[PDB]
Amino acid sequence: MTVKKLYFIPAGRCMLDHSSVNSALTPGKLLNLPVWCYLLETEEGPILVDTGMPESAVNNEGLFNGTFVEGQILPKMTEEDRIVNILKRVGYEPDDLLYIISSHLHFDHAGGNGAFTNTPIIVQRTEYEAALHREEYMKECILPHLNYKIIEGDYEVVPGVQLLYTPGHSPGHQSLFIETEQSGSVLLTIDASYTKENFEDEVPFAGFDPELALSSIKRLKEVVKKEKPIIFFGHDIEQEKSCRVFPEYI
C-alpha cells in the first residue's frame, strides 16, 4: 500500500547565517531559508510531518535576541504561517489528523505542536529526552501534556510511511522514507541534510554531533543505493526553486 498524496507545504521562512549550511564559511551573510511541513493523505487518514514555528515568532524576527544565537537565526513568520491557519486553508482542523510526526523538536519543526492536544505526536525518545534539558530547545517545543507517541529507532507509521532514525543534527532526529502512488520512493531527509551538498558532498552543517550526522548521511546513502528514491532536503534554497508545492503533490 502507498500514500495517496504527499504535499510540500511552505510554513514561513527563517534567516540563518550561511555558516549553518556550510560550517567552513565565514559568518556574515544571512540566507532566507524555507520552513516546510508535509501533509500525507493515506488510506488511514491524513498525517502531518512537522508543525512550523511557534506563536512567539509571528512578526518577531528578533525572537532570539538575548540568546546564544542572537543575530544568526531570525524567523520570518506571519500570522498566516501559524500551523492551524495553514491547516484550515488546506482543509483540516487539528483533531482531523491521524498522527503528527516530529522529525525533531527544533523550533521550526515543533513550534506548532501545542495546537495538537489529542493527536498522537510521534517523536524519537532520544529527541524528547534531549529537548527536556538542552539549551537549543524552546519551551513551546516540549510542552509536557501533549499526546506523545515516543518511539525508539526505525518505525513504520502506516504502510508506505517509514521513519528512519538519523541522529546527529539533533540527538533524536528522524527522516522519512515514503512510497507514494504517483512517484514511488521519496526520501525526505529533513534536517539530516539542510542542502544537497550536505548530503552528496558531505559538506558539514549545523548540528549537535556532526560525526553522528555524517554516519546518518552514510546510512541514508545505503538506503538510496538500494531504493533509488527522489530526495528532498530540509532547508535548500536551490532545490526549493524546482519543488512541486501545494496544491501540487507527488
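All residue numbers are counted from 1 along the displayed sequence.
Quiz item: So 81 to 89 or 117 to 125, which one's hotter by mean CA B-factor in the entry?
Solution: Higher of the two, by average CA B-factor, is 81 to 89.
Practice problem: Quick one: say whether 25 to 33 or 177 to 185 has the higher mean Cα B-factor in the deposited entry. | Solution: That would be 25 to 33.
Practice problem: Using the temperature factors in the entry, find which of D50, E61, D191, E41 has the highest value at its Cα atom. | Solution: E61 has the highest C-alpha B-factor of those listed.
Practice problem: Go through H133, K149, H169, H109 one by one and give the residue whose Cα B-factor in the PDB entry is largest. | Solution: Comparing C-alpha B-factors across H133, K149, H169, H109, the top value belongs to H133.
Practice problem: Could you tell me which third, lowest, middle or highest, the C-alpha B-factor of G160 occupies within its chain? | Solution: For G160, the deposited C-alpha B-factor lands in the middle third.
Quiz item: Going by what the PDB entry lists, where does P54 fall on CA B-factor within its chain: lowest, middle or highest third?
Solution: Bottom third by C-alpha B-factor.
Self-check item: B-factor third for the C-alpha atom of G71 within its chain
Solution: Its C-alpha B-factor belongs to the highest third of this chain's values.
Quiz item: Once the chain's modelled residues are ordered by C-alpha B factor and cut into thirds, is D154 in the lowest, middle or highest one?
Solution: It falls in the bottom third of the chain.
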